[PDB]
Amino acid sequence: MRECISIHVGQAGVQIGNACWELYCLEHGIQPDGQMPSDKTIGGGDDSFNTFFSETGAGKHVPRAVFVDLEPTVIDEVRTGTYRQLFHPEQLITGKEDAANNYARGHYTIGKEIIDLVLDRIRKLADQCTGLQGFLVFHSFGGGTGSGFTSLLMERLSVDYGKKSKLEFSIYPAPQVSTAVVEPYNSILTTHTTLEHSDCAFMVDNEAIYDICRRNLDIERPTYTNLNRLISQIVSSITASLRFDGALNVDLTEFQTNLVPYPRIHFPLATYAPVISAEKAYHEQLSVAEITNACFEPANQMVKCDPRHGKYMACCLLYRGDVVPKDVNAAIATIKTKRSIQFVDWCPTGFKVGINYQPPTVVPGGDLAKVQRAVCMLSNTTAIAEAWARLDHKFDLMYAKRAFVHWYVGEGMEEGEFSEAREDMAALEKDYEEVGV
């Protein structure tokens, strides 16, 4: 099989991870203890979902997942929650002392004390694979562990597994739901040191997921759970092609081929539709054309930016549900015409289309209403450079006065790495500038 190993780093990664794996089990008919009745396989097999789930001799399906955190408070709830006996116990690694929202602690002082244990555990999962193809890393930009340790992990993984691919699911920080003033620092610091080692990174803007919950789901003050369940819906759409027999994005290397023209600008923009509140169970069922057009309304994006102010470089449409291809081609031709969405003059001006005829699954307990057809548009557009512009502005107001820098220098880090990371980020903004016009 072509296995994938999901890694979750920090509080955010872990909690988003637990929601994605909750959803996966339901999409595949796996009980919280791993036992699946409708699978003749009892030792492994070669189904489409074996890429994400191992299989013991007793018929238990164990995720190919590792959870890491420098504190235990979060991973301790995984060890006692509904999915106690789902994950590999040895694949739930924790420390005693966290990185205190500090990139240098998660990457240097504190991260060094646990890095070798996480690699050996990953190596354990890797050695149980017959054709590992890469990793799916889940982490936040803001935390000390999500930024520091994750960066440290992506460096070591490039040295050990050099041929394998690496995909990120990054949580772009938002002030409505934040936890530290130094998150701009940690964001710029990890992006610079990770941009070299990642093949494709899907940023999730907590402010965008926050807005969607308040207007499309009618939730006054959303919680991390509302966000995560909604995030897990988008992630599942991206990883579905890897878990079900499909024609579009069948393996990790194809994500790069279809979405990442140039290595450095590997940040595609995700858009998902429809998002309807569960309190509206008898809503009119939207058609392919209505949800295909919804993928271009900026109010449905996972990162806040204006794609109308940027050229497209790639665009993949991932439909899920009762979707007839003839209606998809028609809806694409409607978009290619009435819409003034400009593609770069050097890439194909077409849309790739995958269709998964399974109806979208909603977690029993969430706020999302069951729909019969939904779509997730992955698109690499230069308009996402605005997200780098907002972060770069914060990492500038503070660094101009060298605010909070002493906390990083005192944790085994050179002051020069701030100017390095920022110059590298500046270099990234020009890459998007030259690709556009």
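The term rigid core refers to the most C-alpha atoms you can superpose between the two forms while keeping them within 1.5 Å. For every residue, the number given is its place in the sequence shown, counted from 1.
Novice: Following superposition on the rigid core, is the mean squared CA displacement, expressed as RMS, greater for 94-102 or for 273-281 in 6 other deposited structures of this protein?
Specialist: Between 94-102 and 273-281, the one lying farther away in 6 other deposited structures of this protein is 273-281.
Novice: Name the stretch, 326-334 or 240-248, whose C-alpha atoms sit farther from the shown form on average in 6 other deposited structures of this protein, taking the rigid core as the superposition reference.
Specialist: Of the two stretches, the larger average C-alpha offset in 6 other deposited structures of this protein falls on 240-248.
Novice: Given the B-factors recorded for C-alpha atoms, which segment has the greater mean, 35-43 or 407-415?
Specialist: Per the PDB entry, the higher value belongs to 35-43.
Novice: According to the deposited model, is the average Cα temperature factor higher in 346-354 or in 187-195?
Specialist: It is 346-354.
Novice: So if I compare the CA B-factors in the entry for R123, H266, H139, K96, which one is the largest?
Specialist: When the deposited C-alpha B-factors of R123, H266, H139, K96 are compared, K96 is largest.
Novice: With respect to the C-alpha temperature factors reported in the PDB entry, which of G143, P89, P359, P298 ranks highest?
Specialist: When the deposited C-alpha B-factors of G143, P89, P359, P298 are compared, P359 is largest.
Novice: Divide the modelled residues of the chain into thirds by Cα B-factor and specify which third, lowest, middle or highest, holds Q128.
Specialist: For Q128, whose C-alpha B-factor we compare with every modelled residue in the chain, the answer is the highest third.
Novice: By its CA B factor, does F53 count among the lowest, middle or highest third of the modelled residues in the chain?
Specialist: Lowest third.
Novice: Once the chain's modelled residues are ordered by C-alpha B factor and cut into thirds, is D205 in the lowest, middle or highest one?
Specialist: According to the entry, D205 has a C-alpha B-factor in the chain's lowest third.
Novice: Could you say whether, by C-alpha temperature factor, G111 belongs to the lowest, middle or highest third of its chain?
Specialist: Middle third - that is where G111 ends up once the chain's C-alpha B-factors are sorted.
Novice: Splitting the chain's C-alpha B-factors into thirds, which one does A100 fall into?
Specialist: Lowest third, going by the recorded CA B-factors of the chain.
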